[PDB]
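One structure below.
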Amino acid sequence: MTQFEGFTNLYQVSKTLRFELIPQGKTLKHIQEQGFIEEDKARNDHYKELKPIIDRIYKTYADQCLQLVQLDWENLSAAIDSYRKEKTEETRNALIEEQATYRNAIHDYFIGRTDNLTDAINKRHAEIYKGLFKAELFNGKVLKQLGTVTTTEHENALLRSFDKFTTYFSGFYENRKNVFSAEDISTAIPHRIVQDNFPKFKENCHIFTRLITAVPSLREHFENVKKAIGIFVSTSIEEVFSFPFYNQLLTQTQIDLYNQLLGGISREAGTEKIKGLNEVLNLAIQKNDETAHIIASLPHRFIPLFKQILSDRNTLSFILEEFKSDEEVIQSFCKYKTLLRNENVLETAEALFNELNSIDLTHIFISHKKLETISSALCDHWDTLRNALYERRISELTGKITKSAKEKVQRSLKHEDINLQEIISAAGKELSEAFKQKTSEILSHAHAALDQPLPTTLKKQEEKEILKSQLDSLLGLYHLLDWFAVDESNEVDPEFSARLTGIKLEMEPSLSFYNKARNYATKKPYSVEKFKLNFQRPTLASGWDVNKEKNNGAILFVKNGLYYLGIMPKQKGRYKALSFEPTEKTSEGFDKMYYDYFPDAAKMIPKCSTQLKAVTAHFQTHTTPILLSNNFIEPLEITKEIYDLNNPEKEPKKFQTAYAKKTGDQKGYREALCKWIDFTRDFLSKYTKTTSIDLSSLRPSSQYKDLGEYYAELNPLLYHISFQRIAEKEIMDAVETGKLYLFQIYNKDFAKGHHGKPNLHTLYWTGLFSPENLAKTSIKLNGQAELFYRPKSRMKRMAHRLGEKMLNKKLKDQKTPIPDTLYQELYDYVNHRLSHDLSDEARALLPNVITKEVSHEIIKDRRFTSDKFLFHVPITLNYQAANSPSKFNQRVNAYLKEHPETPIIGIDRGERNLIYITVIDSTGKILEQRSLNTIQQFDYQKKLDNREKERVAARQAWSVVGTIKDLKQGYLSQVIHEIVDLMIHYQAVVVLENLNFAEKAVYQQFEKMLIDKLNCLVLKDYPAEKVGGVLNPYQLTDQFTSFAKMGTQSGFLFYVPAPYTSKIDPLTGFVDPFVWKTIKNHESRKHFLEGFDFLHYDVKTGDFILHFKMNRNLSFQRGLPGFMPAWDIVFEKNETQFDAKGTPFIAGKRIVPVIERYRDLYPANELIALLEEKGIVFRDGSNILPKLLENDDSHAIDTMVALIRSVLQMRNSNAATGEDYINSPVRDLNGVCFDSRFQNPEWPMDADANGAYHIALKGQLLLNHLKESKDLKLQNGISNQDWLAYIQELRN
Amino acid sequence: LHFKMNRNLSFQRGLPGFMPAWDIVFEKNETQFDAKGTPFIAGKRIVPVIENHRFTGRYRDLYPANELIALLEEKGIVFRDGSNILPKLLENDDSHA
RNA sequence: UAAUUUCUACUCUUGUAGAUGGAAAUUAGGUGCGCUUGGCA
DNA sequence: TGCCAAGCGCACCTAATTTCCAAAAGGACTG
DNA sequence: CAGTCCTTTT
Ligand SMILES: [Cl-]
Ligand code: NA
């Protein structure tokens, strides 16, 4: 049978380790003498200047190709339409095929293999493309064929700075292939054109069509917008939304024009913005007329296109020019301030506002657009002023006050500019005072700011704050002046209008200044960055192989449990390359690694045999075999059969499984497969690097199903590591003469005083060089290691000064933390600087604190107070396995069917908890449940919330923002740790919400980290040879590829829909079945009431019972009949009950919305109240519902229905009280209503816990349905109805 | 101490009155003289003496302005510049302060 | 209120516990501020 | 205590997805 | 050239 310990060595996992390098002997001196750090820093800067210049080549060529593109998009449109309407696998595969067709068509323009062009252009293109990813960039040929464009001397100086060193760009080359690729990859121009933007552009066409059909008036409105924007003059609005035009939307310039048709164009701040289509639509919806509803019911928002890869963005909107220095902003603003002084704006403004005290307030108007801003400023609420205006006008109407008249008044207030006399009359003299007070403040602060002198730089935050407040004050005055409606439509006092407009014009630059100052001041300062080291070796540390040591300059050593990196630089003088001679292992010295690798057979074999030039040149005009002798102890035969096998016309090769899919030649497949493997074995037997490799463990060629299976077994044999001893003399002299740079590879696990557990990464590294691993490779050392230099980034400041005492964050408990609010007090107290008497709570903790005097000076941020050499080195684990797994989920599912006792860990994002776990057994009973707001005695939820608020505050205060991703990782690392221990201890499935069905970041980040961890899980404590140790990692999730490609299962991890997991009774499965949106009138509520069979009082219990059949009130339901035909809904007597800990609560309590804040509500009590007010007999046990209905009192009906809705509100929250409970309105089989307030640990302790519990239980649904299934295939999602039916049947 | 009346409404008795804002003043604790000629200390308050928890038999003379000067100088806050003190008082969340 | 390849939390311990896939390229989005036209009874 | 919709501009922070993780063939230099 | 060492490849 299967076993949990059988989840290992299923696929390769690559990782990077990071270390510090400590130079030894005269290494640092030689590095300094040779001036390598400066040289490598200079390369880095040259790379950064050059990259944009070189990028100009790609950007131009790409646009030149994309301007010529003319495709027909109908077929792709159709495939999209098929797969959308019918959701099958065959329609998908058709779209995937079509997608790939369209991509290749776009790509054909780049490579010069498109029929839509002439032979001359296709010849020119292929010629350019042939040189885009080589050093042909740096020669000028590709720029010679592209235009008569040319480069400035400085640009040529840069290009020649990478002479004999163009390989520094060999990664860049890959990044740029990723732009021009035809593959289905995000980085690529074709993908962007085909799978990103075209769907959008298609959808836009559809939206346009449907809109102008429903509402043909829009056609011209849209055309008019285009006229007003001044783009696409020769193209009518119809053509813009036709497929052929999409051929004109492949270049950035045109995409931005398209986007601004949707988007509109802003001018200077304060001026009217030109509206685009999407705004015109929004405006039309917000009118709430008939045209609005028609539009609101359709799709009413065009989708902007994504940008073209690499291309610079353009905008027709106004861009404000930047300040360049502290000095420039201070001068400008200082001048503007002086202008405002000499102009006499504050004294005019004050005189203007005074004018208001004794002038006809009928001839002063307030802008309709500002009425609500003024309300907030001068009144309790934003609607105060409107409402007072409304109510006053209503009171002034003549005749019987119809509803239409009130309607008319409301409509008048939307547009009309209101005079100040009316505003005052409606709101009261209070308003006059609030106005005068506010104008005083704004003038007072403005005056203060003009008098207050400016700082000398903006280098300190205190200085930026001086700048900010002065701008704030001036902006305040600008805002105040902009309160007044000044236009000549209203009968404004002529003087007032002229004077206001005058000082408004003088104040207008405040806007411009405010924005520019912010845009400058909130810039982040150049922080120092580590840069790559090369030591004058273009292929430095590219790969470790003995045969490459003389080119790549990097070797490894071991000596007395310590690890060293050997770098062999190219010095400035003439020196013979350094050679190392082994000796007897007894002699003192360093053990040097001899690394022996033949990379991926699949590529290297053809590279060294079939794909040779001489081979290709021979088979071009010959059919006779060719025998290779060079690097072969005996000659290797290349026959035409073999050559043509790896070099076909046909798209799939005859030995790839794709030829088996495409055709039906299983004979010829396996025959081609055998002959190729045979040939590989012939190569391996003869080639110099492989001939001595024992391949007897390989099987006979004929027994391999796929080529991958073969290469999977082969590659593990083609890598070996051994050590030989070099004498101390050779090494020390090499260091002495500067022919060797020797560094200790270091982390804190190598400290003299290290005496604890090592970092996981240390364990990987030591496991890598362990004897077991050398004999049978589990961990491989990979090439492409990198060395970095990181300059000091902080100043040395010891966290101490003299005889300071340091206060442990935890008590002698070594468990209980000191409150955040008390720490500084206790800290200042134990260092005798409190400045006041100690608080009572501090004085209570005082006896259990721990202090440590400072004997040894430890440096804050020490690691960053001096330059460091860093080293990144990649490794691969589970090396014996294939590179990707096969049918990983099936293997888990197989294991699960044979292990029905498997427990489930539900994980939930909560409302009051970041993450909440509930572990269930295989019978759906809770083993454990807890919030993970606190781990290791630290409240991460509080720390995170505080840091998020700081970051907002920073943003608003033009202060340094900083990062929160580090704190998030800190937290999630602890969480991941605890989930991993639970999984291992329980051998359990883990179940999370699918987020496709706020604080969704912290949970998304979790998902990622959890999977990455479970892809390769090593537990420090476990021995190396035990499953879960370093040489046998656990692999419990499927190999992560992308979130895009992720399904509802990744091994032991499962995703389930969140709906109906929190607001659901744990004992019955009951959910509120009603849609309260559809209960809105006296009519709807009364039909709703008529649907219930009875409501009657039970004198025994004190409860009311309301009987409902699920087949009634369908109009008001969500179409989820679940499993139960009826429910007795219960109004619980509002009596005292006691929880497990002995704390009381009131049964049946609800917490309902107020929005003042929430209100306590006792339904049963309130029902009795209603019935007693109405005088309706109920204590006999009679049906109350006919009597409420026959009476036909609408307020009694409303109340009753309001009460029903409350009773059905299971979840009841109040942050203030910390209540967040579930109380079910229905009795379980044993005749009791669930209440989390009882604090029974068998059940959910709160609402968030209930969530996790049902997350877990949805997983259980998947495991139960898997068992019953005869496949190893998990069902695709869970419909809400299936869920409810499941859980309701189970519980009852 | 400036208070807008359309503010901190959670602690108000719901009696806005007529005025929008008040400049609450901590009067300097200097000597003033009544008409008869008797001296008194301006700004003086008479507050119950409180023993731990809730115990109040006798009363005591308090001088708010001077005690504020004490509290600021304790914590090294500069105030004779005319600068706003409120942000500085709650910038570090000192419970005593 | 300190030590780290680096991060978070710690300090019996000149260090502890857990985590940690790098580099390069690209793209998408978020938060904040400013502004525009509108909406809310 | 006022938010919300559609959108334009600026600052910076965060996340997702691609390539590589190489010895040796190939050939541009450089006396 | 013949060798060296950066460039490019499967
Ligand atoms: Cl829910
Ligand atoms: Na450790």
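All residue names refer to the structure tokens as shown: chains lettered A, B, ... in order, residues numbered from 1 in each chain, ligands numbered from 1 in order.
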Write out as a PyMOL selection string all residues of range 2-90 of chain B that DSSP puts in alpha helix (DSSP H) for this structure's backbone.
chain B and resi 64-74+86-89
Residues of chain B within 12 Å of chain D, using only C-alpha atoms (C1' of nucleotides), as a list in words?
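Residues passing the distance filter: residues 4, 5, 6, 7, 8, 9 and 10 of chain B.
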Grab the CA of residue 148 in chain A to CA of residue 67 in chain A distance for me, in Å with one decimal place.
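CA of residue 148 in chain A sits 18.6 Å away from CA of residue 67 in chain A.
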I'd like the contact shell of residue 761 in chain A - 9 Å cut-off, only C-alpha atoms (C1' of nucleotides), skipping same-chain residues fewer than 4 positions apart - returned as a PyMOL selection string.
(chain A and resi 16-18+765-766) or (chain C and resi 20)
Write the residues you've just listed into a file as a PDB file, in the first residue's frame, and include N, CA and C atoms (P, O5', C5', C4', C3', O3' and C1' of nucleotides) for each of them.
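File written: out-v4.pdb
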ATOM      1  N   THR A  16      18.174  29.051  -3.970  1.00  0.00           N
ATOM      2  CA  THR A  16      19.399  29.825  -3.847  1.00  0.00           C
ATOM      3  C   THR A  16      19.735  30.006  -2.368  1.00  0.00           C
ATOM      4  N   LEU A  17      20.984  29.689  -2.013  1.00  0.00           N
ATOM      5  CA  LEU A  17      21.502  29.974  -0.686  1.00  0.00           C
ATOM      6  C   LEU A  17      22.250  31.300  -0.750  1.00  0.00           C
ATOM      7  N   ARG A  18      22.270  32.034   0.365  1.00  0.00           N
ATOM      8  CA  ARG A  18      22.974  33.303   0.414  1.00  0.00           C
ATOM      9  C   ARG A  18      23.916  33.306   1.616  1.00  0.00           C
ATOM     10  N   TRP A 765      23.396  23.012   2.871  1.00  0.00           N
ATOM     11  CA  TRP A 765      24.764  23.166   2.400  1.00  0.00           C
ATOM     12  C   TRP A 765      25.650  22.074   2.991  1.00  0.00           C
ATOM     13  N   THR A 766      25.515  21.831   4.300  1.00  0.00           N
ATOM     14  CA  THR A 766      26.297  20.796   4.959  1.00  0.00           C
ATOM     15  C   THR A 766      25.838  19.427   4.463  1.00  0.00           C
TER      16      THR A 766
ATOM     17  P     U C  20      10.755  28.393   4.233  1.00  0.00           P
ATOM     18  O5'   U C  20      11.728  29.428   3.511  1.00  0.00           O
ATOM     19  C5'   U C  20      11.185  30.675   3.044  1.00  0.00           C
ATOM     20  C4'   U C  20      12.329  31.588   2.681  1.00  0.00           C
ATOM     21  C3'   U C  20      13.511  30.953   1.936  1.00  0.00           C
ATOM     22  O3'   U C  20      13.239  30.647   0.570  1.00  0.00           O
ATOM     23  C1'   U C  20      14.310  32.387   3.609  1.00  0.00           C
TER      24        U C  20
END
As a PyMOL selection string, please: the residues near residue 7 in chain E (cut-off 10 Å, only C-alpha atoms (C1' of nucleotides), same-chain neighbours under 2 positions excluded).
(chain A and resi 134-135+164-167+170) or (chain D and resi 26-28) or (chain E and resi 5+9)
Can you tell me which residues surround range 1-3 of chain E at a distance of at most 12 Å, considering only C-alpha atoms (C1' of nucleotides), apart from same-chain residues fewer than 3 positions away, and format the answer as a ChimeraX atom specification?
/D:29-31
List every residue of range 47-81 of chain B that DSSP, applied to the backbone, labels as strand (DSSP E or B), and write the result as a PyMOL selection string.
chain B and resi 47-48+51+55+59-62
Output file for the residues above (C-alpha atoms, as a CSV table (one decimal), in the first residue's frame):
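Dumped everything to selection_7.csv:
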chain,number,residue,atom,x,y,z
B,47,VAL,CA,-10.4,69.7,43.0
B,48,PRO,CA,-11.1,66.6,45.3
B,51,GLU,CA,-6.9,58.2,47.4
B,55,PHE,CA,-11.9,58.0,47.9
B,59,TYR,CA,-10.2,69.0,48.6
B,60,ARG,CA,-6.9,70.6,47.3
B,61,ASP,CA,-5.8,73.7,45.4
B,62,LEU,CA,-4.6,73.0,41.8
Contacts of range 2-11 of chain C at 10 Å (only C-alpha atoms (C1' of nucleotides); same-chain gap of 2+ positions) as a PyMOL selection string
(chain A and resi 17-21+745-749+761+798-800+806-810+814+852+857-863+869-872+935-938+940+965-974) or (chain C and resi 13-20)
Please, which residues have at least one atom within 7 Å of an atom of ligand 1, using only C-alpha atoms (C1' of nucleotides) and all ligand atoms, listed as a VMD selection string?
chain A and resid 1058 to 1064
